[PDB]
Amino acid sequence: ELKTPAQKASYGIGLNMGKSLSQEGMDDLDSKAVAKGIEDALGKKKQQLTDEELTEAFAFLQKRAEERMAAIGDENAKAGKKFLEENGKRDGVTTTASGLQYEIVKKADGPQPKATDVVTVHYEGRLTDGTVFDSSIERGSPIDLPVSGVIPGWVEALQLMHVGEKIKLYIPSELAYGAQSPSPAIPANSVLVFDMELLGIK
């Protein structure tokens, strides 16, 4: 029953809260328990479960969620190691000493950038599962970026690239974000696949 404007807000509160908690790995959220829980609080009714039981359950949910996130990154690490292993054996892919793998789409004899240079580049970041995270081509505009002010994977690749060249990048996790994934779309230990074109040196 959403007729009441109070219930309009009630629905939204549950809607927003539900979405927020779901992302925290609390897939196991049954609206039934919360329903009566609120009702007991609303009617000053007795707590069907005292704070002691509630405290224990909360910690369990936290640890379970933490260990789910641990497994996600650990499985992602193994998946990314595998992708690079197979991609490295592929003909047309060059593996550098750092483990960076690159495949030249367009070749050029333009100048090579240096660490003290700013470069205009067009890029499309993707994942091993193909989920696109950050794309200059999707935003439609070329982006000027400094060689020393970017992820270590791009730093190395850009210096190898000549002006006008377009390559496919397969940056290992260690040469990018690593297990530190402040980025939500990019989980921990995620190998980044990038389509990079060195439009010019600014």
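One-based numbering along the sequence shown.
The PDB entry records a higher mean C-alpha B factor for 14 to 22 than for its counterpart among 177 to 185 and 14 to 22. Taking the PDB entry as given, 118 to 126 carries the higher mean Cα B factor of the two stretches 118 to 126 and 96 to 104. Remark: of 136, 48, 159, 148, 48 shows the highest value [criterion: C-alpha B-factor in the PDB entry]. Going by the entry's values, 37 shows the largest Cα B-factor out of 172, 37, 164, 152. Remark: residue 68 belongs to the middle third of its chain, ranked by C-alpha B-factor as recorded.
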